[PDB]
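Colleague: final17.pdb is reproduced below (PDB, C-alpha atoms).
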ATOM      1  CA  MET P 100      15.370  11.911  -1.156  1.00  0.00           C
ATOM      2  CA  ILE P 101      12.376   9.628  -1.698  1.00  0.00           C
ATOM      3  CA  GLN P 102      10.814   7.575   1.097  1.00  0.00           C
ATOM      4  CA  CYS P 103       7.622   5.555   1.538  1.00  0.00           C
ATOM      5  CA  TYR P 104       5.424   4.337   4.393  1.00  0.00           C
ATOM      6  CA  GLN P 105       5.399   0.584   5.007  1.00  0.00           C
ATOM      7  CA  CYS P 106       2.625  -1.150   6.947  1.00  0.00           C
ATOM      8  CA  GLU P 107       2.625  -4.954   7.012  1.00  0.00           C
ATOM      9  CA  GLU P 108       0.183  -5.056   9.927  1.00  0.00           C
ATOM     10  CA  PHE P 109      -3.307  -4.401   8.562  1.00  0.00           C
ATOM     11  CA  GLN P 110      -5.428  -2.842  11.309  1.00  0.00           C
ATOM     12  CA  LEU P 111      -8.676  -0.871  11.486  1.00  0.00           C
ATOM     13  CA  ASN P 112      -7.220   2.107  13.352  1.00  0.00           C
ATOM     14  CA  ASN P 113      -5.184   5.278  12.826  1.00  0.00           C
ATOM     15  CA  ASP P 114      -2.040   4.009  14.550  1.00  0.00           C
ATOM     16  CA  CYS P 115      -0.574   3.170  11.142  1.00  0.00           C
ATOM     17  CA  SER P 116       0.466   6.789  10.597  1.00  0.00           C
ATOM     18  CA  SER P 117       3.844   7.244  12.283  1.00  0.00           C
ATOM     19  CA  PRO P 118       7.039   8.714  10.774  1.00  0.00           C
ATOM     20  CA  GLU P 119       8.870   5.680  12.154  1.00  0.00           C
ATOM     21  CA  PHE P 120       7.430   3.470   9.414  1.00  0.00           C
ATOM     22  CA  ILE P 121       8.626   5.871   6.719  1.00  0.00           C
ATOM     23  CA  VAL P 122      11.656   4.330   5.011  1.00  0.00           C
ATOM     24  CA  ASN P 123      13.912   5.940   2.407  1.00  0.00           C
ATOM     25  CA  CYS P 124      13.518   3.594  -0.561  1.00  0.00           C
ATOM     26  CA  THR P 125      16.060   5.230  -2.869  1.00  0.00           C
ATOM     27  CA  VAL P 126      17.519   1.923  -4.052  1.00  0.00           C
ATOM     28  CA  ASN P 127      17.085   1.343  -7.785  1.00  0.00           C
ATOM     29  CA  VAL P 128      15.097  -1.807  -7.012  1.00  0.00           C
ATOM     30  CA  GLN P 129      12.310  -0.106  -5.063  1.00  0.00           C
ATOM     31  CA  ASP P 130      11.576   3.604  -5.464  1.00  0.00           C
ATOM     32  CA  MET P 131       7.817   3.808  -4.916  1.00  0.00           C
ATOM     33  CA  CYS P 132       5.079   3.094  -2.374  1.00  0.00           C
ATOM     34  CA  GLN P 133       2.459   0.339  -2.495  1.00  0.00           C
ATOM     35  CA  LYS P 134      -1.109   0.578  -1.197  1.00  0.00           C
ATOM     36  CA  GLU P 135      -3.917  -1.978  -0.975  1.00  0.00           C
ATOM     37  CA  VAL P 136      -7.463  -2.089   0.398  1.00  0.00           C
ATOM     38  CA  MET P 137      -9.350  -5.096   1.761  1.00  0.00           C
ATOM     39  CA  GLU P 138     -12.642  -5.725   3.562  1.00  0.00           C
ATOM     40  CA  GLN P 139     -13.713  -8.691   5.688  1.00  0.00           C
ATOM     41  CA  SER P 140     -15.670  -9.715   8.785  1.00  0.00           C
ATOM     42  CA  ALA P 141     -12.941  -8.148  10.919  1.00  0.00           C
ATOM     43  CA  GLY P 142     -13.368  -4.817   9.159  1.00  0.00           C
ATOM     44  CA  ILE P 143     -11.512  -2.681   6.630  1.00  0.00           C
ATOM     45  CA  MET P 144      -7.868  -3.752   6.443  1.00  0.00           C
ATOM     46  CA  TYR P 145      -5.160  -2.172   4.291  1.00  0.00           C
ATOM     47  CA  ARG P 146      -1.705  -3.304   3.173  1.00  0.00           C
ATOM     48  CA  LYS P 147       1.222  -0.957   2.547  1.00  0.00           C
ATOM     49  CA  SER P 148       4.940  -1.281   1.809  1.00  0.00           C
ATOM     50  CA  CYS P 149       7.810  -0.158  -0.420  1.00  0.00           C
ATOM     51  CA  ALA P 150       7.147  -1.085  -4.048  1.00  0.00           C
ATOM     52  CA  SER P 151       9.318  -1.187  -7.170  1.00  0.00           C
ATOM     53  CA  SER P 152       9.062  -0.059 -10.794  1.00  0.00           C
ATOM     54  CA  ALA P 153       8.632  -3.506 -12.340  1.00  0.00           C
ATOM     55  CA  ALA P 154       6.112  -4.379  -9.629  1.00  0.00           C
ATOM     56  CA  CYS P 155       4.225  -1.109 -10.092  1.00  0.00           C
ATOM     57  CA  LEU P 156       3.650  -2.073 -13.728  1.00  0.00           C
ATOM     58  CA  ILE P 157       2.267  -5.463 -12.702  1.00  0.00           C
ATOM     59  CA  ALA P 158      -0.603  -3.951 -10.717  1.00  0.00           C
ATOM     60  CA  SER P 159      -1.394  -1.394 -13.420  1.00  0.00           C
ATOM     61  CA  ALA P 160      -1.117  -3.717 -16.418  1.00  0.00           C
ATOM     62  CA  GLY P 161      -3.076  -6.213 -14.343  1.00  0.00           C
ATOM     63  CA  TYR P 162      -6.745  -5.866 -15.254  1.00  0.00           C
ATOM     64  CA  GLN P 163      -9.482  -5.796 -12.615  1.00  0.00           C
ATOM     65  CA  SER P 164      -7.500  -3.080 -10.834  1.00  0.00           C
ATOM     66  CA  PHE P 165     -10.603  -1.116  -9.843  1.00  0.00           C
ATOM     67  CA  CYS P 166     -12.850  -2.150  -6.952  1.00  0.00           C
ATOM     68  CA  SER P 167     -15.959  -1.309  -4.927  1.00  0.00           C
ATOM     69  CA  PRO P 168     -16.467   0.054  -1.387  1.00  0.00           C
ATOM     70  CA  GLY P 169     -19.470  -2.178  -0.771  1.00  0.00           C
ATOM     71  CA  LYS P 170     -17.987  -5.543  -1.713  1.00  0.00           C
ATOM     72  CA  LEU P 171     -16.744  -8.378   0.500  1.00  0.00           C
ATOM     73  CA  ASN P 172     -13.915  -9.102  -1.938  1.00  0.00           C
ATOM     74  CA  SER P 173     -13.096  -5.408  -2.329  1.00  0.00           C
ATOM     75  CA  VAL P 174      -9.498  -5.895  -3.461  1.00  0.00           C
ATOM     76  CA  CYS P 175      -7.650  -2.751  -4.539  1.00  0.00           C
ATOM     77  CA  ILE P 176      -4.060  -2.373  -5.734  1.00  0.00           C
ATOM     78  CA  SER P 177      -2.023   0.726  -6.583  1.00  0.00           C
ATOM     79  CA  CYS P 178       1.357   2.384  -6.042  1.00  0.00           C
ATOM     80  CA  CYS P 179       2.803   5.899  -5.869  1.00  0.00           C
ATOM     81  CA  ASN P 180       6.010   7.591  -7.017  1.00  0.00           C
ATOM     82  CA  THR P 181       5.751  10.469  -4.543  1.00  0.00           C
ATOM     83  CA  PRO P 182       7.176  10.460  -0.992  1.00  0.00           C
ATOM     84  CA  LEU P 183       4.903   9.543   1.916  1.00  0.00           C
ATOM     85  CA  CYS P 184       2.090   8.504  -0.424  1.00  0.00           C
ATOM     86  CA  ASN P 185       0.312   6.583   2.337  1.00  0.00           C
TER      87      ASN P 185
END
Would you mind giving the structure from this file in structure tokens?

Modeller:
Amino acid sequence: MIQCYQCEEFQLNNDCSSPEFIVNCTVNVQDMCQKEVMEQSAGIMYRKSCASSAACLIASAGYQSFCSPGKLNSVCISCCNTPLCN
């Protein structure tokens, strides 16, 4: 019913867009998707994986959620309740 894309390997390519990484996180525990953005010498990395309700609140409630595109420590956190958010 509701699935999400999980990507533990942060790479600077478009390979992280396959339907094989899409998992059906229907379990009460996790029912949302997690997305993160990072920037370093290597390039622009991004973390993704199945998130949960309680966790989703953490990021939101957690101040300093916003970020900037032109910042070395450009840390961004956010989740989604819709399927295939990433």

Colleague: Can you work out which one of P:171, P:115, P:179, P:101 has the shortest atom-to-atom distance to residue 143 of chain P, counting all atoms listed in the file?

Modeller: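 The answer is P:171, which sits nearest to residue 143 of chain P.
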
Colleague: Evaluate the PyMOL selection byres ((chain P and resi 102-109) around 10) and record the selected residues as a PyMOL selection string, following the chain and residue labels used in the document.

Modeller: chain P and resi 100-101+110-112+115-125+129-137+143-150+179-185

Colleague: Using atom CA of residue 114 of chain P and atom CA of residue 168 of chain P as the two end points, give the distance in Å to one decimal.

Modeller: 21.9 Å

Colleague: Record the distance separating atom CA of residue 154 of chain P and atom CA of residue 178 of chain P, expressed in Å with one decimal.

Modeller: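 For atom CA of residue 154 of chain P relative to atom CA of residue 178 of chain P, the distance reads 9.0 Å.
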
Colleague: What does the distance between atom CA of residue 141 of chain P and atom CA of residue 113 of chain P come to in Å, to one decimal place?

Modeller: 15.6 Å

Colleague: If the PyMOL selection byres ((chain P and resi 174) around 9) is run on the structure shown, which residues does it catch, given as a list in words?

Modeller: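 Matching residues under the PyMOL selection byres ((chain P and resi 174) around 9) are residues 135, 136, 137, 138, 164, 165, 166, 167, 170, 171, 172, 173, 175 and 176 of chain P.
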
Colleague: Take the residues from that selection and write them out as a tab-separated table (two decimals), keeping the file's coordinate frame, keeping C-alpha atoms.

Modeller:
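Output contents, as saved in again_17.tsv:
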chain	number	residue	atom	x	y	z
P	135	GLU	CA	-3.92	-1.98	-0.98
P	136	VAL	CA	-7.46	-2.09	0.40
P	137	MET	CA	-9.35	-5.10	1.76
P	138	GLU	CA	-12.64	-5.72	3.56
P	164	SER	CA	-7.50	-3.08	-10.83
P	165	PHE	CA	-10.60	-1.12	-9.84
P	166	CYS	CA	-12.85	-2.15	-6.95
P	167	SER	CA	-15.96	-1.31	-4.93
P	170	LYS	CA	-17.99	-5.54	-1.71
P	171	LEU	CA	-16.74	-8.38	0.50
P	172	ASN	CA	-13.92	-9.10	-1.94
P	173	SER	CA	-13.10	-5.41	-2.33
P	175	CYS	CA	-7.65	-2.75	-4.54
P	176	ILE	CA	-4.06	-2.37	-5.73
